[PDB]
Amino acid sequence: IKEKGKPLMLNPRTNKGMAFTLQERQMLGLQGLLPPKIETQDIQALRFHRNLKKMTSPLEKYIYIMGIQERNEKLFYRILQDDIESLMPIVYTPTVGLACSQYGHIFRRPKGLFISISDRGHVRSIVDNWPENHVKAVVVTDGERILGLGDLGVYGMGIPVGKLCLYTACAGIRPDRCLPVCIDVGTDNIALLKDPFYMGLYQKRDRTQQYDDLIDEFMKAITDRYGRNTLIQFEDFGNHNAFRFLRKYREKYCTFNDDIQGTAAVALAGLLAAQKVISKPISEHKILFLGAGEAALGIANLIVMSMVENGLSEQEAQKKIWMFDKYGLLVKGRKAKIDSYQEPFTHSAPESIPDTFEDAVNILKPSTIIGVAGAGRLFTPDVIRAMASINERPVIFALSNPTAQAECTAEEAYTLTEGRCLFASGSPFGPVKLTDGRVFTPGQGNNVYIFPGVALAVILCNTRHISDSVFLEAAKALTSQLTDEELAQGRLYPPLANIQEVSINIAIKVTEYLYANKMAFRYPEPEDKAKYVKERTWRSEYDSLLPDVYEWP
Amino acid sequence: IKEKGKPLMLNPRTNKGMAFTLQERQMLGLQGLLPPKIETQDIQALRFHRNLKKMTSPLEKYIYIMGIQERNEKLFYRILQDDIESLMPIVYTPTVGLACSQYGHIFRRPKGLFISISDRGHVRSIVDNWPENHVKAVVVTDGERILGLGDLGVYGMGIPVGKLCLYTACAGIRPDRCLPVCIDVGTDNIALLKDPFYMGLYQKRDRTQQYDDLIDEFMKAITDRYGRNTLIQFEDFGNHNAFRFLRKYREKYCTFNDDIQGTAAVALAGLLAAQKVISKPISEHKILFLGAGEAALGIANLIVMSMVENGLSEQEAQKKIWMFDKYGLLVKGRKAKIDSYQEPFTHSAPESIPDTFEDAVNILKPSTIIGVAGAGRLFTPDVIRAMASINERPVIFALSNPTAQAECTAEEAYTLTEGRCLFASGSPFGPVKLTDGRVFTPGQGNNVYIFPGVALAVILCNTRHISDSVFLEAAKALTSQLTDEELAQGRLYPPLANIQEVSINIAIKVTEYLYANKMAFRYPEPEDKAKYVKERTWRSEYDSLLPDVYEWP
Amino acid sequence: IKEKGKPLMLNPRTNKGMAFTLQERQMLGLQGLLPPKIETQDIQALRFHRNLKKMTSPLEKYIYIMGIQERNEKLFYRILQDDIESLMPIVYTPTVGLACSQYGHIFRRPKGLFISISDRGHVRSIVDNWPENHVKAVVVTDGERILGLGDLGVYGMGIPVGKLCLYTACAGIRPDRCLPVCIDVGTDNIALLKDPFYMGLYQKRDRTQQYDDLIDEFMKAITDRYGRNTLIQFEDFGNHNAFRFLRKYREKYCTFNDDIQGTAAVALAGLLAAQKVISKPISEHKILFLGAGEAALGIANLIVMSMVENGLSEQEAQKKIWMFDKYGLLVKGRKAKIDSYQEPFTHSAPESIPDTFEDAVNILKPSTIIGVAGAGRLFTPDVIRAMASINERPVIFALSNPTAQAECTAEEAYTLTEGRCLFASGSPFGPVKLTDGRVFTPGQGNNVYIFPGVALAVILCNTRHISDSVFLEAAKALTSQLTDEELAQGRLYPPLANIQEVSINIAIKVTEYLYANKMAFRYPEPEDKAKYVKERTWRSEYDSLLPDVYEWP
Ligand SMILES: NC(=O)c1ccc[n+]([C@@H]2O[C@H](COP(=O)([O-])OP(=O)(O)OC[C@H]3O[C@@H](n4cnc5c(N)ncnc54)[C@H](O)[C@@H]3O)[C@@H](O)[C@H]2O)c1
Ligand SMILES: NC(=O)c1ccc[n+]([C@@H]2O[C@H](COP(=O)([O-])OP(=O)(O)OC[C@H]3O[C@@H](n4cnc5c(N)ncnc54)[C@H](O)[C@@H]3O)[C@@H](O)[C@H]2O)c1
Ligand SMILES: NC(=O)c1ccc[n+]([C@@H]2O[C@H](COP(=O)([O-])OP(=O)(O)OC[C@H]3O[C@@H](n4cnc5c(N)ncnc54)[C@H](O)[C@@H]3O)[C@@H](O)[C@H]2O)c1
Ligand SMILES: NC(=O)c1ccc[n+]([C@@H]2O[C@H](COP(=O)([O-])OP(=O)(O)OC[C@H]3O[C@@H](n4cnc5c(N)ncnc54)[C@H](O)[C@@H]3O)[C@@H](O)[C@H]2O)c1
Ligand SMILES: NC(=O)c1ccc[n+]([C@@H]2O[C@H](COP(=O)([O-])OP(=O)(O)OC[C@H]3O[C@@H](n4cnc5c(N)ncnc54)[C@H](O)[C@@H]3O)[C@@H](O)[C@H]2O)c1
Ligand SMILES: NC(=O)c1ccc[n+]([C@@H]2O[C@H](COP(=O)([O-])OP(=O)(O)OC[C@H]3O[C@@H](n4cnc5c(N)ncnc54)[C@H](O)[C@@H]3O)[C@@H](O)[C@H]2O)c1
Ligand SMILES: O=C(O)C(=O)C(=O)O
Ligand SMILES: O=C(O)C(=O)C(=O)O
Ligand SMILES: O=C(O)C(=O)C(=O)O
Ligand SMILES: [Mg+2]
Ligand SMILES: [Mg+2]
Ligand SMILES: [Mg+2]
């Protein structure tokens with residue numbers, strides 16, 4: 001703390017509000033700049049809930065709380081902490097999307113770094129404009145696939161912002177060690193191109209080699225200022241760029257892709273919980289995806305990794321996996337192009353080629369169904385009814401976000417199958433009570449349950465590169481925290497209310513693995529990995545800003 | 001003060017060195033940045049004299065002491081206060097001239113504002129670059145007539161730097177409210193033009209109307225930012241611009257010319273004290289200047305103002321005043337040009353036309369003699385010898401600076417006239433003991449006896465303009481402080497060792513005059529003019545930097 | 001650079017003087033604050049040498065140039081770079097000793113950090129008061145053994161300040177990445193305790209466990225703020241604490257002791273160059289040391305390392321090593337205590353036990369003689385003349401600092417041995433021209449030829465701990481640059497004039513070593529170690545402070 005006076009109030013990283021003690025007020029030059037009352041964070045919190053309770057819409061509530069992050073960081077996280085479960089729908093999915101598609105409308109103060117293609121050749125100078133000088137985690141996007149909402153361009157910065165928020169409020173990463181980034185090379189969305197409030201460059205997306213040079217220049221500039229092992233979580237890019245950049249950097253930097261690997265870990269964990277109820281013989285496992293993109297391909301590769309670790313060869317495991325997209329079932333020889341990653345899951349066409357998804361469900365007769373198209377309610381009743389007929393305890397997962405692009409709802413799943421299903425969603429749904437009294441409390445298959453804890457571990461361990469096994473491990477660490485009681489409620493995931501510890505427990509496990517596999521470079525190595533982790537978490541409790549004053553002998 | 005940490009030590013205005021208390025060091029973030037020992041200004045003062053004692057050259061001493069002002073302001077001034085009389089020939093005349101003509105060689109750090117003709121049109125932006133924001137006094141030079149040293153261009157910035165030191169060291173004006181300025185419009189100095197160390201524009205002097213507009217743009221800029229009554233002391237300009245600018249701005253801005261008006265006040269003062277020993281009849285007062293420029297015409301004018309107050313008509317007064325320049329005696333109808341200001345003292349040629357200055361002395365047979373030609377030892381022994389024969393108690397004033405251009409030395413004056421002369425020099429000279437044992441201690445006719453005290457008065461009173469009678473009053477205030485004892489030693493001026501109180505005393509008389517003549521605008525008017533002035537002087541003693549801590553009931 | 005205006009000129013790290021470009025002046029808010037002239041660093045340097053050439057005494061020159069570092073860092077090192085060989089005796093030995101002994105008299109501004117025993121419990125807050133936040137190299141002292149000058153207490157800070165200049169002027173390490181530190185736990189020097197100018201705590205040295213706890217708390221505090229692999233070079237401590245702390249830390253931190261290890265590496269390299277002229281049968285090597293302290297024991301262990309690696313067992317190698325201190329020859333069973341470290345060189349006494357050092361020379365008849373007592377001319381003419389006889393080409397090494405404490409002079413060594421000796425001094429000595437016309441050019445065995453390059457490497461490779469072989473290598477890397485023609489002058493070391501490349505070259509060798517031995521953690525590993533190193537050296541040429549301004553398509 002080298003600053004004194006008003007600046008201390010202007011900076012939300014330090015603004016305490018009326019919680020500034022008199023000692024600090026007088027000693028740092030704030031006396032007379034604050035009301036003669038000294039408050040506790042406890043009161044400050046009470047003020048918030050009292051006010052939030054009166055608000056009506058979620059976008060209005062979202063605007064409010066997010067602004068607190070602009071006024072008082074400590075109280076901001078204190079307020080989340082007070083109840084992350086009831087505030088997640090506002091700050092995360094589904095209302096976060098609504099805010100992104102409104103970003104230019106609700107704009108008040110910016111957040112994160114903004115690098116546009118028109119800045120190429122000077123990406124370093126921009127990075128040098130960032131205030132915090134010890135960043136450890138970056139979350140970057142270009143806004144081409146914001147959830148299932150599509151190309152939102154610069155209005156997409158609300159995603160990294162929202163994600164980094166969860167790093168801290170979930171895994172205790174330090175707010176000032178995070179940096180959300182947005183690369184603006186344009187947007188193809190005709191609509192924002194005509195909008196006057198738009199915050200980005202008014203041009204279509206540039207896909208020439210100039211685009212790639214920029215991300216190259218971006219990655220270099222970042223690591224130069226902050227270090228080669230700076231964590232870089234890629235978020236919401238377009239399918240080609242997602243894998244493209246993943247495979248191209250995963251070996252040179254400490255980077256990963258949330259949509260591909262993050263989602264893989266979560267899904268495998270819910271599926272793992274489910275098996276605990278089904279106990280369906282490996283041999284008889286058939287999985288069918290709705291959509292074959294970033295997320296589908298990712299989960300598929302992790303599902304395989306786990307099936308392999310349980311006998312089955314890599315080849316025989318993939319043959320148990322099918323994918324259906326917007327062009328239809330992925331069978332060998334089809335007209336619609338099949339890419340490198342899809343090949344292992346592209347099989348020889350069956351006897352009857354499914355025209356509709358219900359067809360594929362009826363023909364392939366899968367044990368599990370996973371929605372990852374982000375195209376809406378494609379999990380029709382005829383489908384859930386079919387799955388209800390083919391399998392006694394069918395596995396239905398609808399994970400597209402937000403809730404509008406969700407393949408189906410919790411209500412539909414449990415009622416259309418007579419509560420014989422094992423359900424999970426990407427967005428939030430409340431408990432469902434059947435006409436006959438049975439109550440089913442679904443869980444939420446969101447990578448929010450994974451990236452905060454993984455990131456922590458990777459950071460604390462000074463890891464230089466991330467391998468997919470880490471996510472496999474992570475997934476194991478998560479499901480391993482599920483209790484048969486929570487499970488006996490319809491949950492394939494531990495209560496959201498406990499995502500804070502769950503995340504910590506996750507992070508503890510991952511560091512054990514990282515160190516055990518010689519992937520961690522933090523030295524020396526802690527003897528008790530647990531104490532180690534808990535020791536370093538950030539707290540929302542105010543810190544004294546008083547100068548170290550003492551008398552000498 | 002609004003900041004903490006190292007900056008506190010980098011800034012001389014606040015730097016205390018080891019004099020920072022422990023409570024200060026701990027409460028301002030300095031613990032560790034200073035040795036574990038706390039000192040007193042007294043000790044630091046001891047560190048200075050011990051060191052200064054070992055030095056051998058005056059320019060070496062100049063560079064050392066001037067360097068303190070850039071390290072610890074308060075200590076710097078405490079060191080002058082310790083013995084102004086011995087340091088004066090180092091910081092002021094004559095060593096200061098040596099320094100100026102060497103400004104480029106000894107450069108270490110700049111001081112003051114630098115406005116060049118190349119910045120015309122953007123002089124205000126320059127004025128806004130100045131750190132201190134409550135300037136009250138300015139001393140400006142363009143470097144055309146640095147003492148009797150001539151045109152030194154930007155090397156002449158040494159003068160405004162020194163002059164403003166005296167403001168503080170002599171009259172207690174605050175250091176941060178002073179601003180030395182230099183107008184660089186080129187230099188005609190052929191040698192400096194070929195000097196790779198010169199600090200100004202490598203071009204000859206611009207005398208076009210562009211020169212005049214620049215000064216106007218400067219006078220407008222200054223007053224806009226700091227105020228219309230900000231004091232501007234013009235210093236060491238060329239003859240022409242000296243008068244031209246004084247006449248043009250004196251009734252529009254709170255401005256004055258030291259070389260014209262300040263020099264006037266000192267000389268009259270010494271001329272008055274003298275009269276006390278001679279008591280020569282007003283009727284027989286004949287004066288003869290060696291030089292008819294800035295200083296000569298300023299004295300001549302003030303002399304006349306008093307002669308008048310004492311009877312004499314303006315016309316008759318002037319008739320008792322002659323002038324002799326580089327061309328000869330100023331007589332009506334001479335080849336060389338005479339100007340608006342000389343006319344009054346340019347009289348009808350005498351029976352014979354003096355070819356040398358000795359002839360002029362022999363012909364005119366003057367009572368007084370005033371050297372202000374800045375041309376060296378023109379008061380030859382034969383002249384001194386002649387003055388002694390013509391008068392019983394002749395008056396010999398050689399006021400040109402620095403020492404090397406003085407018209408004659410004290411030893412020459414006293415010895416060559418058998419100790420009957422009444423002498424005053426512009427630069428410092430020690431006591432003279434004739435072969436007959438008589439010891440004479442001469443005084444220094446220098447406006448440093450004037451400007452610091454008059455400037456303090458105008459400022460405090462919020463004066464908007466300075467009339468000639470203000471100096472008339474300052475001269476009366478100075479001499480009125482001389483005691484017959486010091487008088488008896490041969491000094492026509494209070495000892496230099498008391499310049500600090502003489503100055504204040506002068507400031508009090510003048511602040512009484514201004515008020516009494518409705519020229520002061522400071523409100524309300526102080527009852528006790530003396531208590532009021534001494535109440536607002538700047539002290540060289542360290543002030544406490546501690547925040548105002550205290551407990552609430 | 002985050003700040004503009006005055007602050008830019010007040011901080012020596014950024015201050016450029018009149019070299020600030022007009023665009024920089026206009027764009028950073030310095031227009032007007034600097035004279036209208038734009039100077040080149042080459043002009044500024046010209047002013048320095050011209051000013052320096054006038055000065056007479058070395059301590060006067062020391063004050064001048066060390067002052068520049070507090071004015072304009074960039075020019076400071078350029079002035080060094082311009083001729084490190086001639087300014088070395090002024091900035092380093094012997095004139096740095098003279099300055100340290102008078103630190104309190106010449107004090108103007110402080111340097112480095114100051115941790116006193118009175119600050120125990122708050123060393124972290126003191127560390128957090130340091131401006132620069134990316135320190136990589138520290139040099140610490142307590143001032144108990146400043147050279148061969150003794151306990152100088154806080155007046156000892158002049159050593160780490162000077163050591164750290166070499167880091168940059170020799171190896172190109174970044175100035176702002178360096179931090180000198182002084183631990184003040186008191187002083188036993190009676191005189192400084194009654195000196196009002198002293199800069200440290202007025203108390204005798206505290207040697208309780210409170211002393212250790214402080215170093216413990218210093219060590220921890222430093223590594224926490226700046227990182228665990230931060231280089232910590234220990235300098236000039238007391239014999240007991242030197243070794244004690246070395247062995248206590250060398251494996252917990254990235255730390256080394258320059259007096260022990262540093263000097264070892266330099267003495268071996270001069271001794272290795274010598275062997276190339278003597279080619280003496282390893283079997284017939286007999287080494288005798290004057291003194292058995294920090295340095296003496298240091299070279300020994302390395303000498304043995306070299307010997308071992310060329311055959312000889314640990315045992316037989318140390319048998320060839322004899323040490324003679326203030327109590328006499330170290331023989332088994334003597335009164336004066338022998339310590340853990342001296343043992344291996346504490347041999348069974350000879351037939352006649354030497355009383356004088358001349359005896360030990362005449363009894364043992366050594367091939368080499370190494371002066372490291374720091375007690376003055378103990379290498380009397382009789383000893384020099386005794387060596388001259390016993391050996392055809394004796395090796396006489398007087399390494400005590402400063403020059404007054406040197407065991408003998410170059411003039412004595414060559415003259416007293418007929419020029420048949422191989423001499424090396426701790427401090428500088430010029431060439432010696434015998435009566436017979438022969439001219440001998442001695443070399444300087446000082447660890448300055450070592451710590452600058454060895455530190456560079458350790459820093460660039462992100463090394464965690466320092467082994468002794470590092471020095472063995474660095475010692476091998478230095479002598480390997482000696483050219484026969486140079487050897488043919490009498491120099492067992494490469495010219496001083498090229499200390500820059502030498503250091504760089506040593507640095508390259510050492511990093512190749514670290515990488516080759518799994519001690520380097522910088523990743524990835526460079527392909528061309530040489531290009532890698534030359535790549536990252538700090539230059540003295542000014543850098544453009546201009547903001548990145550560019551037009552968008
Ligand atoms: N719940 C989570 O944790 C999580 C994490 C990441 C992504 N997602 C969601 O998954 C969805 C897709 O993400 P992605 O990155 O794989 O996208 P993508 O665009 O890369 O892949 C989508 C795939 O679904 C197919 N598809 C589109 N419309 C279809 C339709 N109408 N019928 C059948 N198939 C169709 C596409 O051809 C494509 O192959 C998004 O809505 C996103 O919000 C959820
Ligand atoms: N920290 C600050 O910025 C600060 C602190 C104290 C006073 N002030 C100023 O002083 C004014 C109030 O008047 P005052 O209490 O100074 O006395 P005052 O009103 O009697 O003084 C009259 C004028 O003389 C000036 N002055 C007083 N002492 C001076 C000195 N020693 N050297 C040079 N100039 C001097 C003042 O600035 C003022 O404009 C206010 O207008 C305020 O702006 C500013
Ligand atoms: N003692 C003080 O308090 C004080 C104050 C201001 C100026 N001065 C000194 O007075 C001197 C003149 O200053 P100024 O601004 O009036 O100068 P100026 O250039 O305005 O006038 C100089 C006059 O001296 C005359 N002169 C020059 N050489 C002459 C010579 N060789 N013989 C006869 N006459 C000669 C010139 O003709 C001219 O009339 C300077 O050296 C200056 O340092 C002293
Ligand atoms: N403005 C800044 O704060 C800033 C600017 C540039 C680089 N950096 C740092 O550099 C690191 C990345 O490594 P790199 O690209 O500098 O080189 P590098 O990775 O080759 O160097 C490895 C280590 O040596 C250090 N280093 C490099 N040159 C040095 C020198 N000349 N003197 C002293 N230490 C030196 C670096 O700090 C680094 O920790 C990052 O961790 C980053 O923190 C910081
Ligand atoms: N004021 C400061 O700038 C400051 C203060 C304290 C520590 N540090 C840094 O910490 C390092 C020393 O290690 P340590 O004691 O912090 O722990 P550590 O060495 O056990 O942690 C290893 C790495 O994880 C990072 N880290 C620790 N907790 C983190 C968190 N909660 N969120 C995000 N990143 C976290 C650290 O920066 C470190 O690089 C030093 O390199 C220093 O640069 C800086
Ligand atoms: N040239 C270099 O590179 C370099 C490096 C480090 C130290 N030194 C110098 O070496 C000297 C000693 O350093 P150290 O740290 O080894 O000291 P130390 O105090 O640890 O050891 C000194 C040894 O010399 C002995 N001694 C003292 N006076 C003696 C005397 N009058 N006659 C015989 N023996 C005597 C002592 O008993 C002791 O064993 C110092 O003067 C120091 O300046 C030079
Ligand atoms: O859908 C997305 O965009 C995500 O990254 C997620 O919800 O996990
Ligand atoms: O001579 C000068 O330049 C002066 O202003 C003086 O010394 O009075
Ligand atoms: O003598 C010393 O103290 C040294 O560190 C040296 O000169 O090498
Ligand atoms: Mg996403
Ligand atoms: Mg003048
Ligand atoms: Mg040493």
# chains A, B, ... in the order shown; residues from 1 in each chain; ligands from 1
$ residues_near_ligand --ligand "ligand 7" --cutoff "6 Å" --atoms "only C-alpha atoms and all ligand atoms" --output "list in words"
residues 146, 147, 236, 258, 259, 401, 446 and 447 of chain A
$ residues_near_ligand --ligand "ligand 11" --cutoff "12 Å" --atoms "only C-alpha atoms and all ligand atoms" --output "ChimeraX atom specification"
/B:92-93,96-97,139-150,156-160,162-163,233-239,242,257-263,294-295,372,374,399-402,426,446-448,451
$ residues_around --residues "segment 348-351 of chain B" --least-positions-apart "3" --cutoff "9 Å" --atoms "only C-alpha atoms" --output "list in words"
residues 329, 330, 331, 332, 333, 334, 354, 363 and 364 of chain B
$ interface_residues --of "chain C" --to "chain B" --cutoff "8 Å" --atoms "only C-alpha atoms" --output "PDB file with C-alpha atoms, in the first residue's frame"
ATOM      1  CA  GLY C   5       6.531  15.522 -15.522  1.00  0.00           C
ATOM      2  CA  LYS C   6       9.144  16.393 -12.893  1.00  0.00           C
ATOM      3  CA  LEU C  10      13.802  13.413 -10.166  1.00  0.00           C
ATOM      4  CA  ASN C  11      14.231   9.631 -10.432  1.00  0.00           C
ATOM      5  CA  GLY C  17      19.146  15.232 -18.550  1.00  0.00           C
ATOM      6  CA  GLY C  29       5.292  17.085 -19.824  1.00  0.00           C
ATOM      7  CA  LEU C  30       8.872  18.278 -19.489  1.00  0.00           C
ATOM      8  CA  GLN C  31       8.794  21.102 -21.968  1.00  0.00           C
ATOM      9  CA  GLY C  32      10.174  24.160 -20.153  1.00  0.00           C
ATOM     10  CA  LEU C  33      11.656  22.209 -17.273  1.00  0.00           C
ATOM     11  CA  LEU C  34      14.857  21.596 -19.307  1.00  0.00           C
ATOM     12  CA  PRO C  35      17.046  24.089 -21.238  1.00  0.00           C
ATOM     13  CA  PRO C  36      16.272  24.582 -25.016  1.00  0.00           C
ATOM     14  CA  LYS C  37      19.182  22.322 -25.977  1.00  0.00           C
ATOM     15  CA  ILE C  43      28.286  15.029 -25.102  1.00  0.00           C
ATOM     16  CA  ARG C  47      31.504  16.883 -19.814  1.00  0.00           C
ATOM     17  CA  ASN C  51      35.316  17.802 -15.134  1.00  0.00           C
ATOM     18  CA  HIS C 105      31.456  12.495   6.601  1.00  0.00           C
ATOM     19  CA  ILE C 106      30.682  12.406   2.851  1.00  0.00           C
ATOM     20  CA  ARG C 108      24.580  13.083   0.928  1.00  0.00           C
ATOM     21  CA  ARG C 109      21.948  10.522  -0.080  1.00  0.00           C
ATOM     22  CA  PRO C 110      21.459   6.899   1.094  1.00  0.00           C
ATOM     23  CA  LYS C 111      21.663   3.678  -0.944  1.00  0.00           C
ATOM     24  CA  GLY C 112      20.473   0.098  -0.390  1.00  0.00           C
ATOM     25  CA  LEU C 113      18.245  -1.188   2.420  1.00  0.00           C
ATOM     26  CA  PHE C 114      18.960  -0.905   6.157  1.00  0.00           C
ATOM     27  CA  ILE C 115      17.819  -3.590   8.584  1.00  0.00           C
ATOM     28  CA  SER C 116      18.709  -3.067  12.227  1.00  0.00           C
ATOM     29  CA  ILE C 126      11.103  -2.894   5.826  1.00  0.00           C
ATOM     30  CA  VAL C 127      11.526  -5.101   2.760  1.00  0.00           C
ATOM     31  CA  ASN C 129       9.454  -0.326   1.562  1.00  0.00           C
ATOM     32  CA  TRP C 130      11.854  -1.010  -1.326  1.00  0.00           C
ATOM     33  CA  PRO C 131      10.800   0.778  -4.587  1.00  0.00           C
ATOM     34  CA  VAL C 154      26.971   0.828   9.047  1.00  0.00           C
ATOM     35  CA  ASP C 184      22.940  -3.278  11.736  1.00  0.00           C
ATOM     36  CA  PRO C 196      28.499  11.754  16.133  1.00  0.00           C
ATOM     37  CA  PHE C 197      28.429  11.178  12.375  1.00  0.00           C
ATOM     38  CA  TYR C 198      28.047   7.379  12.598  1.00  0.00           C
ATOM     39  CA  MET C 199      24.982   6.070  10.670  1.00  0.00           C
ATOM     40  CA  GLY C 200      24.111   2.962  12.670  1.00  0.00           C
ATOM     41  CA  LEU C 201      22.841   1.950  16.107  1.00  0.00           C
TER      42      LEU C 201
END
$ residues_near_ligand --ligand "ligand 2" --cutoff "6 Å" --atoms "only C-alpha atoms and all ligand atoms" --output "list in words"
residues 172, 173, 174, 177, 459, 460, 536, 537 and 538 of chain B
$ closest_residue --among "C:467, C:301, C:95, C:498" --to "residue 343 of chain C" --atoms "only C-alpha atoms"
C:301
$ closest_residue --among "A:303, A:373, A:165, A:193" --to "ligand 1" --atoms "only C-alpha atoms and all ligand atoms"
A:373
$ closest_residue --among "A:341, A:513, A:103, A:289" --to "residue 360 of chain A" --atoms "only C-alpha atoms"
A:289
$ residues_around --residues "residue 397 of chain C" --least-positions-apart "2" --cutoff "10 Å" --atoms "only C-alpha atoms" --output "list in words"
residues 267, 270, 271, 289, 290, 368, 369, 370, 371, 372, 379, 394, 395, 399, 400, 406, 407, 408, 409, 410, 413, 421, 422, 423, 424, 425, 426, 444 and 445 of chain C
$ write_last_selection --atoms "C-alpha atoms" --output "CSV table (one decimal), in the first residue's frame"
chain,number,residue,atom,x,y,z
C,267,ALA,CA,43.2,-17.6,-6.8
C,270,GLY,CA,45.9,-17.2,-11.3
C,271,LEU,CA,47.6,-20.3,-9.9
C,289,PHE,CA,49.1,-19.4,3.4
C,290,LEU,CA,49.6,-16.3,5.5
C,368,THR,CA,53.7,-21.0,-3.4
C,369,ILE,CA,53.1,-18.2,-0.9
C,370,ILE,CA,49.5,-16.8,-0.5
C,371,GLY,CA,49.0,-13.6,1.5
C,372,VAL,CA,45.5,-13.4,3.1
C,379,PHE,CA,55.9,-10.6,3.0
C,394,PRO,CA,58.5,-18.5,-6.8
C,395,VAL,CA,54.8,-17.7,-6.7
C,399,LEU,CA,45.8,-10.5,-1.8
C,400,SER,CA,44.8,-8.5,1.3
C,406,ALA,CA,48.7,-5.7,1.2
C,407,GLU,CA,51.4,-8.2,2.3
C,408,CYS,CA,53.8,-6.6,-0.2
C,409,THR,CA,54.1,-4.6,-3.4
C,410,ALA,CA,54.7,-5.4,-7.0
C,413,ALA,CA,58.2,-8.7,-5.5
C,421,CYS,CA,58.6,-14.5,-9.5
C,422,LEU,CA,55.0,-14.9,-10.6
C,423,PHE,CA,53.1,-12.1,-8.7
C,424,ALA,CA,49.5,-11.2,-8.2
C,425,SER,CA,47.9,-8.5,-6.0
C,426,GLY,CA,44.5,-8.1,-4.3
C,444,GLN,CA,44.9,-8.5,-10.1
C,445,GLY,CA,43.6,-11.5,-8.3
$ select_by_dssp --residues "segment 206-303 of chain C" --states "strand (DSSP E)" --output "list in words"
residues 231, 232, 233, 234, 255, 256, 257, 287, 288, 289 and 290 of chain C
$ write_last_selection --atoms "N, CA and C atoms" --output "compact mmCIF listing (two decimals), in the first residue's frame"
# COMPACT_ATOMS: atom_id res chain seq x y z
N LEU C 231 19.13 -14.49 -5.80
CA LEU C 231 20.54 -14.57 -5.47
C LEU C 231 20.88 -13.74 -4.24
N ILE C 232 21.55 -14.36 -3.27
CA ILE C 232 21.93 -13.65 -2.05
C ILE C 232 23.41 -13.81 -1.80
N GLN C 233 24.19 -12.86 -2.28
CA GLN C 233 25.63 -12.88 -2.09
C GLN C 233 25.98 -12.26 -0.73
N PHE C 234 26.55 -13.07 0.16
CA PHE C 234 26.95 -12.62 1.49
C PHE C 234 28.35 -12.01 1.34
N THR C 255 22.17 -19.08 -2.34
CA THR C 255 23.12 -18.19 -1.70
C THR C 255 24.56 -18.67 -1.69
N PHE C 256 25.48 -17.71 -1.64
CA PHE C 256 26.91 -17.99 -1.59
C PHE C 256 27.67 -16.90 -0.83
N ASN C 257 28.91 -17.17 -0.42
CA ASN C 257 29.72 -16.17 0.27
C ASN C 257 30.90 -15.79 -0.62
N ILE C 287 52.16 -25.53 -0.78
CA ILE C 287 51.50 -24.24 -0.63
C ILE C 287 51.42 -23.77 0.82
N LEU C 288 51.84 -22.53 1.08
CA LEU C 288 51.75 -21.97 2.43
C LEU C 288 50.98 -20.66 2.43
N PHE C 289 50.00 -20.59 3.31
CA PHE C 289 49.14 -19.41 3.44
C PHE C 289 49.54 -18.56 4.63
N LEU C 290 49.38 -17.25 4.47
CA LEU C 290 49.61 -16.29 5.54
C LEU C 290 48.18 -16.01 5.99
